[PDB]
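Letters A, B, ... are given to chains in the order of the sequence lines, protein chains preceding strands, and every chain is numbered from 1. Excluded from the calculations below are hydrogen atoms, water molecules and symmetry mates; all remaining heavy atoms, backbone and side chain alike, are included.
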Amino acid sequence: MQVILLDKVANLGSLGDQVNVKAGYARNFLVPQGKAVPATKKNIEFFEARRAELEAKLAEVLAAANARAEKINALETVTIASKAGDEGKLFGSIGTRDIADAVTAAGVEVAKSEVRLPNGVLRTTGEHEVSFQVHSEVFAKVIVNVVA
RNA sequence: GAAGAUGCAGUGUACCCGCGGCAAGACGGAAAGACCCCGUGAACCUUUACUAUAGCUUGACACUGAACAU
Ligand SMILES: [K+]
Ligand SMILES: [K+]
Ligand SMILES: [K+]
Ligand SMILES: [K+]
Ligand SMILES: [Mg+2]
Ligand SMILES: [Mg+2]
Ligand SMILES: [Mg+2]
Ligand SMILES: [Mg+2]
Ligand SMILES: [Mg+2]
Ligand SMILES: [Mg+2]
């Protein structure tokens with residue numbers, strides 16, 4: 001399948017390219033996500049005349065991602081509370097939904113999809129390092145404090 | 001004598017007709033022998049008979065994509 005990339009897609013190419021992908025890749029991911037469109041005469045010529053304004057829509061989104069990230073980096077540490085045993089080990093756990101709400105209430109608004117807990121959910125009291133991904137290339141960070 | 005005769009030949013016996021009884025024969029009545037054979041007949045059953053086939057199972061392609069390592 002021939003498609004026209006509407007953004008930077010890693011391992012594929014940059015905005016405006018014309019690449020041959022497997023049909024399933026385009027059908028179930030690139031096109032529904034908005035990352036590409038089928039390379040039909042119209043699209044090709046329309047995207048050719050309509051290009052530099054998308055290049056300005058991308059840099060607007062990339063900067064907006066840079067601005068929200070600096071705010072997340074500005075919260076530094078966010079404390080979360082729960083119940084635990086005496087050995088500090090939680091009975092339940094701490095996932096994305098409640099880390100996101102914690103950062104939301106602490107100021108910066110983050111969705112659960114942006115949280116990236118590397119070592120899974122948090123199941124012990126103390127301080128852990130979680131990461132945030134607000135853009136496909138930028139990456140924020142936050143120290144999370146878990147107390148009983 | 002189609003080979004076990006009321007009906008043919010020879011011969012013997014025998015007036016015509018009921019009724020109560022008995023079953024030796026009319027190869028008695030009943031059912032186009034079920035046994036046996038035959039038909040290039042039938043059915044259902046069996047199986048390492050033949051040919052197929054549901055099912056079960058194998059791989060290729062499609063629905064079906066992204067990275068990295070070897
Ligand atoms: K006579
Ligand atoms: K009799
Ligand atoms: K035959
Ligand atoms: K039968
Ligand atoms: Mg005689
Ligand atoms: Mg009498
Ligand atoms: Mg009697
Ligand atoms: Mg008889
Ligand atoms: Mg007969
Ligand atoms: Mg037969």
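Computed from coordinates, the A/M1 CE to B/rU64 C1' distance equals 15 Å when rounded to whole Å. Following rounding to the nearest Å, A/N28 (CG) and B/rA62 (P) show an atom-to-atom distance of 15 Å. Look at CG on A/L30: it is 14 Å from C1' on B/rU64, rounded to the nearest Å. Here the P atom of nucleotide B/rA66 and the CD atom of A/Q33 are 15 Å apart, to the nearest Å. In this structure, A/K35 atom NZ and B/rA66 atom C1' are separated by 12 Å, rounded to whole Å. A straight line from CG of A/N20 to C1' of B/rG65 spans 14 Å, rounded to a whole angstrom.
Taking atom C1' in both B/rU6 and B/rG28, the straight-line distance is 15 Å, to the nearest Å. With both ends at atom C1', the span from B/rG1 to B/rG10 equals 15 Å, rounded to whole Å. Comparing the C1' positions of B/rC38 and B/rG33 gives an interatomic distance of 15 Å, to the nearest angstrom. Comparing B/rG7 with B/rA3, their P atoms are spaced 13 Å from each other, to the whole Å. For the P atom pair drawn from B/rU58 and B/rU64, the interatomic distance equals 24 Å after rounding to whole Å. For the P atom pair drawn from B/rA31 and B/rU11, the interatomic distance equals 45 Å after rounding to whole Å. Of the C1' atoms belonging to B/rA32 and B/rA9, the separation is 38 Å, rounded to the nearest Å. Only the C1' atoms considered, B/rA49 is 15 Å distant from B/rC45, to the nearest whole Å.
Using the sign of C1'-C2'-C3'-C4' as the criterion, B/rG21 falls on the north side of the pucker cycle. The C1'-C2'-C3'-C4' torsion of B/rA31 is positive, which assigns its sugar to the north, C3'-endo side. In terms of the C1'-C2'-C3'-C4' torsion, B/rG18 has a north-puckered sugar. The angle is above zero. Using the sign of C1'-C2'-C3'-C4' as the criterion, B/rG4 is classed as south-puckered. For B/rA5, the torsion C1'-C2'-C3'-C4' is below zero, which places the sugar in the south, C2'-endo range.
Under the 5.5 Å centre and 30° plane thresholds, B/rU47 does not stack on its strand neighbour B/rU48. In this strand, B/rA24 stacks on its neighbour B/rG25, with six-membered ring centres under 5.5 Å apart and planes inclined by less than 30°. The six-membered rings of B/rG7 and B/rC8 are unstacked under the 5.5 angstrom centre distance and 30 degree angle criterion. Base stacking is absent between B/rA34 and B/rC35; the centre distance of their six-membered rings and the plane angle do not both fall under 5.5 Å and 30° respectively. Consecutive residues B/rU58 and B/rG59 form a stacked step, taking six-membered ring centres below 5.5 angstrom and planes below 30 degrees as the test.
Put simply, the side chain of A/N20 gets close to the backbone of A/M1: a donor and an acceptor are under 3.5 Å apart. No donor-acceptor distance shorter than 3.5 angstrom exists from the side chain of A/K89 to the backbone of A/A84, with no hydrogens or angles considered. Without hydrogens or angle criteria, A/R97 side chain to A/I94 main chain gives no donor-acceptor distance under 3.5 Å. No donor-acceptor pair under 3.5 Å is formed between the side chain of A/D17 and the backbone N or O of A/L5.
Nucleic acid contact class of A/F29 (heavy atoms, under 4.0 Å, all strands): none.
For A/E70, the side-chain hydrogen bond (donor to acceptor under 3.5 Å, both in side chains) criterion is met by no residue, not counting sequence neighbours. Take A/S93 and apply the side-chain hydrogen bond (donor to acceptor under 3.5 Å, both in side chains) test, not counting sequence neighbours, and it matches no residue.
Using a 4.0 Å cut-off between charged nitrogen and carboxylate oxygen, A/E45 and A/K41 do not count as a salt-bridge pair.
Taking a 6.0 Å sphere around NZ of A/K141, one finds it holds more than 12 heavy atoms contributed by other residues, nucleotides or ligands. Other residues, nucleotides and ligands contribute more than 12 heavy atoms inside 6.0 Å of the CD atom of A/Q2.
Of all the residues in residues 4-12 of chain A, A/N11 reach under 4.0 Å from RNA chain B with at least one non-hydrogen atom.
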